[PDB]
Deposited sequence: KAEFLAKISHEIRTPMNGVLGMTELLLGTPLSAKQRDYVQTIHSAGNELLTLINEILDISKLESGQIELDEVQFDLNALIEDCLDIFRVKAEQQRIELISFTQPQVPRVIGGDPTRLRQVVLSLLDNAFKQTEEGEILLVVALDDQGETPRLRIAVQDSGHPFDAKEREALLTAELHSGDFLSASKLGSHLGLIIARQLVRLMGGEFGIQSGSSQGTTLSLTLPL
């Protein structure tokens, strides 16, 4: 079935790039303030929608054995701290207290697919704000020694199609992905990976 999605997402990608290309050119021609607002709105919504489609095509290709993951050493904290800076600006528009907490024993550098891991953590953060209202969002980076070798744990607790794509990526990454929720503790999305 993975090649059926890739075929669909492909058919959907082509016209989308057609829309964006046209909006890109429109932004370059004389427009009134209102016209430009409309075109900029079409362009923003178009890019968000192309991004999702490309993520759907990306995962479909991965599951169809058509491409593979990247395995490179990479600064975990920098990645984490790049993702949090993307959501700092929204934590103060949405009166949210965004906190992070990397454990002591966590290594700074690890091996894996950085760009796709970035997609995952951003997906969990995106979910988190959309479920939160003037609460706290806590991203935790820790180690999970339960299960022989020590494993990295990344969790986001708060007080859904990109989240499905994120879960498939974690599975191809040889990890687990779980969901916690308690009346007092909020909801926690986590992802445990091999080191």
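Q: Write out the missing regions of the deposited sequence in sequence order, one range per stretch.
A: No C-alpha for residues 160-189, nothing else.
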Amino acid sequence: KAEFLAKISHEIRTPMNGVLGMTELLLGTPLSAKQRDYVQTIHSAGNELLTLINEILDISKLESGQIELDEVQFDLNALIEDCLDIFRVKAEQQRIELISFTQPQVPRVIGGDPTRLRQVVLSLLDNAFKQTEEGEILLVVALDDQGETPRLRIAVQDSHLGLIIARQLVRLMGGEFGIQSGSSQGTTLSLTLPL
From here on, numbers count along this sequence of modelled residues.
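Q: Between 144-152 and 37-45, point out the one with the higher average CA B-factor as the PDB entry records it.
A: According to the entry, 144-152 carries the higher average C-alpha B-factor.
Q: Comparing 160-168 with 132-140, where is the mean C-alpha B-factor higher?
A: The recorded data point to 132-140.
Q: Just the C-alpha B-factor column, please: which of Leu26, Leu50, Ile56, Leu62 has the biggest number?
A: Highest CA B-factor of the listed options: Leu62.
Q: Divide the modelled residues of the chain into thirds by Cα B-factor and specify which third, lowest, middle or highest, holds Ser9.
A: Its C-alpha B-factor belongs to the middle third of this chain's values.
Q: Using the temperature factors of the C-alpha atoms in this entry, rank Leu189 within its chain: lowest, middle or highest third.
A: It falls in the bottom third of the chain.
Q: Going by the entry, which third of its chain does the Cα temperature factor of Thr115 land in?
A: Tercile = middle for this residue's CA B-factor.
Q: Among the modelled residues of this chain, does the Cα B factor of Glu92 put it in the lowest, middle or highest third?
A: Within its chain, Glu92 is a middle-third residue by C-alpha B-factor, going by the deposited values.
Q: By its CA B factor, does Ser181 count among the lowest, middle or highest third of the modelled residues in the chain?
A: Middle third - that is where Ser181 ends up once the chain's C-alpha B-factors are sorted.
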